[PDB]
Amino acid sequence: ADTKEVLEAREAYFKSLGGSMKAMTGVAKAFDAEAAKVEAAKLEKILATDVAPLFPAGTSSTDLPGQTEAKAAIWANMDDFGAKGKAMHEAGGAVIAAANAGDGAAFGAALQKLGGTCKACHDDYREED
Ligand code: HEM
């Protein structure tokens, strides 16, 4: 694709996810049902973004040095990359459901699971440079 925009788009998407994770961690530390539901509503919209089109072949850190942290491995293991993304979506759905139920204990436990999915993908597909 016209490389510039996909790189901006996916970085914006992950940045918003990071912000969401940061806010929900604070809520988990001091559970408040209304704060949890507000963050969940935001996360719900973020998770609706289809990022597949944002990862066209040829946009790795090897192809565009210093402009992205996406490892070439992503395109070498596309099915796994998609599997890891689905795991996050599922874990994220579980967090939203917990927040909407107003269950603090379920919210915290679900948040840990979501965090694990960020790490699982980062470990294999994101540059640590
Ligand atoms: C888990 C909910 C999750 C979070 C949180 C998260 C955050 C995140 C940030 C803050 C970045 C850097 C973005 C920036 O430019 O500032 C980032 C980057 C990448 N991520 Fe991530 N990420 C979470 C989850 C996942 C999952 C489940 C995957 C893989 C299926 C994934 C992948 C990536 C990749 C690739 C990058 C690099 C993108 C680029 O540099 O173009 N992340 N993530």
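Residues numbered from 1 in each chain as written, not as in the entry; some residues may be left out. Heavy atoms only, no water.

A.B. asks: Please provide a residue-by-residue account of the coordination of the iron atom of the ligand, values included.
C.D. replies: Among all protein atoms, only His-122 (NE2) binds the iron atom of the ligand, sitting 2.0 Å from it. Along the chain, the position of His-122 falls in helix α5 (residues 104-125). (Donors = N, O, S within 2.8 Å, 3.2 Å for Na, K, Ca; no water. Helix = DSSP H or I, 4+ residues; strand = E, 2+ residues; numbered from the N terminus.)

A.B. asks: Describe the pattern of salt bridges, and please don't skip the residues or the numbers.
C.D. replies: Scanning the model with the defined rule gives four salt bridges in all. The partner of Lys-119 in a salt bridge is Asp-123, and the shortest N-O contact between them spans 2.9 Å. Residue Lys-119 and its partner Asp-123 are located together in helix α5, separated by four residues, close to a single helical turn. For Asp-123, a relative accessible area of 45% translates into the label partly exposed. (Salt bridge = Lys/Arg side-chain N within 4 Å of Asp/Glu carboxyl O. Buried < 20%, exposed > 50% of the residue type's maximum accessible area, 1.4 Å probe, protein only.)

A.B. asks: Please give an account of the UniProt feature "binding site: heme c" in the chain that cites residues and values.
C.D. replies: When the UniProt feature table is mapped onto this chain numbering, "binding site: heme c" sits at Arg-10, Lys-15, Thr-68, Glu-69, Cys-118, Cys-121 and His-122. Among the residues just listed, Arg-10, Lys-15, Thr-68, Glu-69, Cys-118, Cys-121 and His-122 line the largest pocket. With respect to the helices, strands and loops of the structure, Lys-15 is situated in helix α1 (residues 3-29). When you line up the elements, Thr-68 lands in the loop between α2 (33-46) and α3 (73-76). (UniProt positions renumbered as here; feature names shortened; annotations may be inferred. 1 Å grid on protein atoms, 1.4 Å probe; cavity = no way out; pocket = protein on both sides within 12 Å on 5 of 7 lines; lining within 4 Å.)

A.B. asks: Break down α1 for me, with residues and values.
C.D. replies: Taking 1.5 Å of rise per residue, 27 residues should cover 39 Å, and α1 covers 40 Å from first to last C-alpha, within 8% of that figure. Taken residue by residue, α1 has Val-6, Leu-7, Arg-10, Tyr-13, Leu-17, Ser-20, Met-24 and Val-27 as its buried positions. On its buried face, α1 sits against α2, α3, α4 (78-101) and α5. (Expected span 1.5 Å × (residues − 1). Contact = heavy atoms within 4.5 Å.)

A.B. asks: Explain α2 residue by residue, including any values.
C.D. replies: Turn by turn, an α-helix covers 3.6 residues, leaving residues three or four places apart pointing in a common direction. For α2, built from 14 residues, the straight-helix expectation of 20 Å at 1.5 Å per residue is met to within 8% by its first-to-last C-alpha distance of 20 Å. Three or more residues of α2 are buried, namely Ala-36, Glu-39, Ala-40, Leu-43 and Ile-46. Buried residues of α2 fall within an arc of 110° about the axis and therefore sit on the same side. What points out from α2, more than 90 degrees from its buried face, is the exposed set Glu-34, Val-38 and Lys-45. Where α2 is buried, its residues contact α1, α4 and α5. N-cap assignment for α2: the residue whose side-chain oxygen lies 3.2 Å from the backbone N of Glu-34 is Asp-32. (Arc of directions from axis to C-beta. Polar contact = N/O pair within 3.5 Å; in protein donor to acceptor, adjacent residues only side chain to side chain.)

A.B. asks: I'd love a proper account of the packing of aromatic side chains, names of residues and values included.
C.D. replies: Two aromatic rings are characterised by how far apart their centres lie and by the angle between their planes. Here the structure, examined in full by the defined rule, presents six aromatic pairs. Aromatic ring contacts, followed pair by pair, group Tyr-13, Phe-14, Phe-55, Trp-75, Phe-81 and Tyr-125 into a single cluster. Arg-10 extends its terminal NZ or CZ atom over the ring of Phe-55, reaching a point 4.5 Å from the ring centre. (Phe/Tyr/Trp six-rings, centres within 6.5 Å; stacked < 30°, edge-to-face > 60°. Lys NZ or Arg CZ within 6 Å of the ring centre and 35° of its normal.)

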